[PDB]
Amino acid sequence: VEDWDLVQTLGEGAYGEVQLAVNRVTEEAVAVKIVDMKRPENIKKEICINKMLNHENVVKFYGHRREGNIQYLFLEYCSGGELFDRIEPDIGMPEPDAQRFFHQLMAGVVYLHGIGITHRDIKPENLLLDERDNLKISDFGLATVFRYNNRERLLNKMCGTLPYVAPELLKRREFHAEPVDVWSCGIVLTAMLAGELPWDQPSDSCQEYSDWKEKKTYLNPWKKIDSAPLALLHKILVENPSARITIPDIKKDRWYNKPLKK
Ligand SMILES: CCCn1nc(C2=C(N)NON2)nc1C1=C(N)NON1
């Protein structure tokens, strides 16, 4: 119903819904996120961050119109759905698939970090798959600038999703953006490799979290994992963000570089 027709709802959420839209003439498909500014400050921030983005592992932004209160963000259609739907509960997925998705995730994250954007809500629901199963980072609704004119700014707002959030964001008034995305990348890796999340939140008041810091890897996310990716997970899920491995160093890790897939 906007030069394009809207054909199936594709997802419905808080702000609004995402529809699949076609040209009835050219036949080109795209997704359109539909936010009712009544149901404005922050959709403005989202489209603004979107206009900066151009990368093969980031959902393409095509444009925006206003049409009443109704913003329509026109976005790359990802016909493979969500990474979340390739993770079999209690099982995960074959290790070579997990590794390729992890490579593509790191490529997307290094890119955002390079232009000073942090996504702040990396999780499998926000990692979409295209026609050839290429992973694309999706939904910049919580995204923000953490570097500008080459100067870093610390974050203070708590956001994201509790099982994915780094412990510093619950403990510190201000914290660096990049290690928080790294950590959330490690929780996604765990989910791909075990088919379960290790804890509700990285709090000292969380038993499963305490067990991990005590290195009880004979318990039940970790026991399904396998020594090579587990060793990478030991470097990512480090409580102190200044000792946590960085992306250039993840690129040097042994499992990250292990040949697995045809
Ligand atoms: C299950 C919802 C699917 N979804 N969600 C989004 C999206 C949201 N929810 N916020 O920004 N972008 N975008 C999509 C989507 C795209 N971008 N292509 O197919 N589906």
# chains A, B, ... in the order shown; residues from 1 in each chain; ligands from 1

call {"tool": "residues_around", "arguments": {"residues": "residue A:7", "least_positions_apart": "3", "cutoff": "8 Å", "atoms": "only C-alpha atoms", "output": "list in words"}}
result
residues 19, 20, 21 and 22 of chain A

call {"tool": "residues_near_ligand", "arguments": {"ligand": "ligand 1", "cutoff": "10 Å", "atoms": "only C-alpha atoms and all ligand atoms", "output": "PyMOL selection string"}}
result
chain A and resi 9-20+29-35+46+58-61+73-82+125-130+136-142

call {"tool": "closest_residue", "arguments": {"among": "A:237, A:71, A:222, A:57", "to": "residue A:133", "atoms": "only C-alpha atoms"}}
result
A:57

call {"tool": "residues_around", "arguments": {"residues": "residue A:242", "least_positions_apart": "2", "cutoff": "12 Å", "atoms": "only C-alpha atoms", "output": "compact mmCIF listing (two decimals) with N, CA and C atoms, in the first residue's frame"}}
result
# COMPACT_ATOMS: atom_id res chain seq x y z
N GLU A 168 29.69 -5.81 33.12
CA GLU A 168 30.03 -4.41 33.43
C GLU A 168 28.85 -3.45 33.29
N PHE A 175 30.95 2.52 30.82
CA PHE A 175 31.68 1.38 30.32
C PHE A 175 31.92 1.55 28.79
N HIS A 176 32.92 0.85 28.27
CA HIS A 176 33.28 0.92 26.88
C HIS A 176 32.29 0.10 26.08
N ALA A 177 31.93 0.65 24.92
CA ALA A 177 30.94 0.02 24.04
C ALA A 177 31.45 -1.29 23.42
N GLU A 178 32.72 -1.32 23.00
CA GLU A 178 33.15 -2.42 22.16
C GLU A 178 33.15 -3.79 22.90
N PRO A 179 33.69 -3.87 24.12
CA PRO A 179 33.66 -5.13 24.87
C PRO A 179 32.23 -5.68 25.15
N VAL A 180 31.22 -4.81 25.20
CA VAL A 180 29.88 -5.23 25.44
C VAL A 180 29.37 -6.00 24.21
N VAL A 182 31.29 -7.57 22.08
CA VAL A 182 32.10 -8.75 22.01
C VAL A 182 31.41 -9.87 22.84
N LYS A 235 37.95 -16.91 26.42
CA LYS A 235 38.59 -15.59 26.25
C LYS A 235 37.57 -14.48 26.11
N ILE A 236 36.40 -14.81 25.58
CA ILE A 236 35.30 -13.82 25.37
C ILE A 236 34.56 -13.57 26.65
N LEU A 237 34.25 -14.64 27.36
CA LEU A 237 33.38 -14.41 28.51
C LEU A 237 34.17 -14.14 29.81
N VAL A 238 35.03 -13.12 29.73
CA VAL A 238 35.88 -12.67 30.80
C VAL A 238 35.18 -11.49 31.47
N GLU A 239 34.96 -11.59 32.78
CA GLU A 239 34.19 -10.61 33.52
C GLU A 239 34.77 -9.17 33.42
N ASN A 240 36.08 -9.03 33.59
CA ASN A 240 36.76 -7.75 33.50
C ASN A 240 36.95 -7.35 32.06
N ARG A 244 39.21 -8.82 28.65
CA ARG A 244 38.43 -9.51 27.62
C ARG A 244 39.09 -9.37 26.26
N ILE A 245 39.06 -10.44 25.48
CA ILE A 245 39.75 -10.48 24.19
C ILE A 245 39.06 -9.47 23.28
N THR A 246 39.80 -8.91 22.33
CA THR A 246 39.25 -7.98 21.37
C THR A 246 39.04 -8.68 20.05

call {"tool": "closest_residue", "arguments": {"among": "A:99, A:161, A:144, A:104", "to": "residue A:48", "atoms": "only C-alpha atoms"}}
result
A:144

call {"tool": "closest_atom_pairs", "arguments": {"of": "stretch 133-231 of chain A", "to": "stretch 90-97 of chain A", "cutoff": "9 Å", "atoms": "only C-alpha atoms", "output": "tab-separated table"}}
result
residue	atom	partner	partner_atom	distance
A:190	CA	A:92	CA	8.5
A:191	CA	A:92	CA	6.4
A:192	CA	A:92	CA	4.7
A:193	CA	A:92	CA	4.7
A:194	CA	A:92	CA	4.7
A:195	CA	A:92	CA	3.8
A:196	CA	A:90	CA	5.6
A:221	CA	A:90	CA	8.7
A:224	CA	A:91	CA	8.1

call {"tool": "select_by_dssp", "arguments": {"residues": "stretch 8-249 of chain A", "states": "strand (DSSP E or B)", "output": "count of residues only"}}
result
52

call {"tool": "select_by_dssp", "arguments": {"residues": "stretch 44-183 of chain A", "states": "helix (DSSP H, G or I)", "output": "ChimeraX atom specification"}}
result
/A:44-52,83-86,95-114,124-126,162-164,168-171,177-183

call {"tool": "residues_around", "arguments": {"residues": "stretch 213-217 of chain A", "least_positions_apart": "6", "cutoff": "12 Å", "atoms": "only C-alpha atoms", "output": "PyMOL selection string"}}
result
chain A and resi 167+198+202-204+206-207+223-227+230-231+233-235+237-240

call {"tool": "write_last_selection", "arguments": {"atoms": "N, CA and C atoms", "output": "mmCIF file, in the first residue's frame"}}
result
data_model
loop_
_atom_site.group_PDB
_atom_site.id
_atom_site.type_symbol
_atom_site.label_atom_id
_atom_site.label_comp_id
_atom_site.auth_asym_id
_atom_site.auth_seq_id
_atom_site.Cartn_x
_atom_site.Cartn_y
_atom_site.Cartn_z
ATOM 1 N N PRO A 167 28.607 -8.236 32.004
ATOM 2 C CA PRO A 167 28.414 -7.960 33.441
ATOM 3 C C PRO A 167 28.697 -6.463 33.781
ATOM 4 N N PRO A 198 23.577 -19.743 28.734
ATOM 5 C CA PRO A 198 24.211 -20.195 29.971
ATOM 6 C C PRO A 198 23.604 -19.585 31.252
ATOM 7 N N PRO A 202 24.378 -12.088 33.699
ATOM 8 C CA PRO A 202 25.721 -12.248 34.279
ATOM 9 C C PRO A 202 25.872 -11.547 35.650
ATOM 10 N N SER A 203 25.077 -11.997 36.625
ATOM 11 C CA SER A 203 25.146 -11.437 37.985
ATOM 12 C C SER A 203 25.754 -12.425 38.951
ATOM 13 N N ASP A 204 26.571 -11.923 39.877
ATOM 14 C CA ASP A 204 26.973 -12.713 41.059
ATOM 15 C C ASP A 204 25.805 -13.425 41.760
ATOM 16 N N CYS A 206 23.544 -14.972 40.209
ATOM 17 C CA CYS A 206 23.133 -16.026 39.282
ATOM 18 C C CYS A 206 24.090 -17.201 39.394
ATOM 19 N N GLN A 207 23.521 -18.333 39.793
ATOM 20 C CA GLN A 207 24.265 -19.557 40.057
ATOM 21 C C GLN A 207 25.063 -20.021 38.840
ATOM 22 N N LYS A 223 29.663 -28.401 28.645
ATOM 23 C CA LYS A 223 30.002 -29.792 28.357
ATOM 24 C C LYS A 223 29.654 -30.214 26.912
ATOM 25 N N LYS A 224 28.645 -29.595 26.293
ATOM 26 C CA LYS A 224 28.314 -29.898 24.894
ATOM 27 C C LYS A 224 29.301 -29.257 23.918
ATOM 28 N N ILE A 225 30.239 -28.443 24.399
ATOM 29 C CA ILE A 225 30.922 -27.590 23.422
ATOM 30 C C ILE A 225 32.181 -28.142 22.763
ATOM 31 N N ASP A 226 33.191 -28.554 23.458
ATOM 32 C CA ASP A 226 34.355 -29.019 22.600
ATOM 33 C C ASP A 226 35.430 -28.033 22.740
ATOM 34 N N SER A 227 36.629 -28.570 22.867
ATOM 35 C CA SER A 227 37.653 -27.896 23.594
ATOM 36 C C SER A 227 38.098 -26.611 22.872
ATOM 37 N N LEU A 230 35.271 -23.785 22.972
ATOM 38 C CA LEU A 230 35.242 -23.508 24.420
ATOM 39 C C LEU A 230 36.401 -22.608 24.875
ATOM 40 N N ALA A 231 37.602 -22.896 24.376
ATOM 41 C CA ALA A 231 38.790 -22.084 24.694
ATOM 42 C C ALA A 231 38.609 -20.639 24.181
ATOM 43 N N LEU A 233 35.608 -19.213 23.858
ATOM 44 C CA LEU A 233 34.603 -18.777 24.818
ATOM 45 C C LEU A 233 35.195 -18.382 26.171
ATOM 46 N N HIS A 234 36.206 -19.117 26.620
ATOM 47 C CA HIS A 234 36.965 -18.674 27.803
ATOM 48 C C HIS A 234 37.618 -17.312 27.640
ATOM 49 N N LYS A 235 37.947 -16.914 26.421
ATOM 50 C CA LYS A 235 38.593 -15.591 26.248
ATOM 51 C C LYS A 235 37.567 -14.484 26.108
ATOM 52 N N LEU A 237 34.248 -14.640 27.360
ATOM 53 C CA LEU A 237 33.381 -14.412 28.512
ATOM 54 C C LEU A 237 34.172 -14.136 29.810
ATOM 55 N N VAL A 238 35.031 -13.125 29.727
ATOM 56 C CA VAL A 238 35.884 -12.668 30.805
ATOM 57 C C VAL A 238 35.185 -11.491 31.468
ATOM 58 N N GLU A 239 34.964 -11.590 32.776
ATOM 59 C CA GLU A 239 34.193 -10.607 33.525
ATOM 60 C C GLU A 239 34.770 -9.165 33.419
ATOM 61 N N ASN A 240 36.082 -9.031 33.587
ATOM 62 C CA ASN A 240 36.763 -7.755 33.502
ATOM 63 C C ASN A 240 36.948 -7.352 32.056
#

call {"tool": "atom_distance", "arguments": {"atom1": "atom CA of residue A:117", "atom2": "atom CA of residue A:145"}}
result
4.7 Å

call {"tool": "atom_distance", "arguments": {"atom1": "atom CA of residue A:162", "atom2": "atom CA of residue A:124"}}
result
13.5 Å

call {"tool": "residues_around", "arguments": {"residues": "residue A:173", "least_positions_apart": "6", "cutoff": "12 Å", "atoms": "only C-alpha atoms", "output": "ChimeraX atom specification"}}
result
/A:154-158,167

call {"tool": "write_last_selection", "arguments": {"atoms": "C-alpha atoms", "output": "short mmCIF file (atom, residue, chain, number, x, y, z; two decimals), in the first residue's frame"}}
result
data_model
loop_
_atom_site.label_atom_id
_atom_site.label_comp_id
_atom_site.auth_asym_id
_atom_site.auth_seq_id
_atom_site.Cartn_x
_atom_site.Cartn_y
_atom_site.Cartn_z
CA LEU A 154 31.77 5.88 27.26
CA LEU A 155 28.25 4.50 27.51
CA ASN A 156 25.95 5.07 30.52
CA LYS A 157 22.48 3.89 29.39
CA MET A 158 21.73 0.26 30.24
CA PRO A 167 28.41 -7.96 33.44
#

call {"tool": "residues_around", "arguments": {"residues": "residue A:181", "least_positions_apart": "5", "cutoff": "8 Å", "atoms": "only C-alpha atoms", "output": "PyMOL selection string"}}
result
chain A and resi 109+118-122

call {"tool": "write_last_selection", "arguments": {"atoms": "C-alpha atoms", "output": "tab-separated table (two decimals), in the first residue's frame"}}
result
chain	number	residue	atom	x	y	z
A	109	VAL	CA	30.60	-6.12	14.05
A	118	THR	CA	27.67	0.01	18.56
A	119	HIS	CA	24.55	-2.09	17.91
A	120	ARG	CA	24.02	-2.87	21.65
A	121	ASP	CA	21.50	-5.75	21.18
A	122	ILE	CA	23.22	-8.56	19.35
